[PDB]
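Just the one chain here, the form deposited in one PDB entry, laid out as structure tokens.
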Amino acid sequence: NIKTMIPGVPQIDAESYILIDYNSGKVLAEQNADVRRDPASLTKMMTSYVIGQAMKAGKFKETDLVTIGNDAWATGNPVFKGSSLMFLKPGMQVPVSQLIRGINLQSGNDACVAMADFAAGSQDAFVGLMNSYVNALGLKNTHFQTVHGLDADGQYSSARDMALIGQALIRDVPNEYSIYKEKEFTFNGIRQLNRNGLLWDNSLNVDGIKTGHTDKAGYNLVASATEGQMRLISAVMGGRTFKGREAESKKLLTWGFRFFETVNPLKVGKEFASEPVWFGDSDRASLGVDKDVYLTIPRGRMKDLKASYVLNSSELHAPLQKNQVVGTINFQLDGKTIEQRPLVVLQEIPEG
């Protein structure tokens, strides 16, 4: 009963949430996770993703200078009123490093416009790219209209979708992701602190991601933390205060590290199984996985994980191509299959 117990989830003071393992993708806990909500500033996570992808392809670098224009003039556009701004003025020449830090640490809205034009030519074009990555990531409940989150009646996202975007950031664009743990940056004589309070929380290892709020949206936070080793991502949307969005995320991440752990039972290229092959240049096929296997299981239960496999066909006949799928690996706890992954040919077997 103690071995097999399923932990109760804490009550979370928020309209929606999700908690997932970053490595495995497992949803440890969720409430209203696909409901469409106003993402507010969590939109800047996609802005930052596009910028991170552009830098990864080498289209520009952190030291490069961006000349500010009229659309990024903070007090030249009342759309920016009451919002967070770097106070960019036309003519300024600002290193990319300082503009992405305005975006990531400060949620500077004028910074988003400057980087958007620089990166994609116009805001409409950049927004096209945001939504192109919405499609490529396979997000079912997200649409962007702006580069910042302001002035967008038809923009939406979800606790699940925002957590997936967090994952993409960490996974796809890690040089861009590591900026999110920086607690302060200086721009134009003025020291600006990271809005994500949980960075200062000494009981956890939070290193991201993004914060957000409107009287529409309520209070939103996407957070990620480590213990090891294990990485968890939480998205809480429509929390009730600033204090607030942080306290509720803390409950989720702590609960997650307490009751669950992440195992990596098998790597790419490492042989899990061997099977005889007919017609081939070798007698046997080396069988395994084309993707590193990560599982989230109840904490403590690592020594109880049993792995086995099934084959799709009675016989294996050459030619066999690399990563050809030929079966399924079953991971089990307590006699029951908890996870499956494709069984693949690790090395191509040409015909004799």
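Basically, rigid core = biggest C-alpha set you can superpose within 1.5 Å across the two forms. Residue numbers run from 1 along the displayed sequence.
Heads up, the form deposited in another entry isn't pictured, but that's what we're talking about next.
- For the listed set 54, 318, 35, 297, the sole C-alpha moving 2 Å or more between this form and the one not shown on a rigid core superposition is that of 318.
- A displacement of 2 angstroms or greater separates the C-alpha positions of residue 271 between this form and the one not shown, with the rigid core held in common.
- For residue 124, a C-alpha deviation below 2 angstroms is recorded between this form and the one not shown after rigid-core alignment.
- In a rigid-core overlay of the protein, residue 24 has its C-alpha displaced by under 2 Å between this form and the one not shown.
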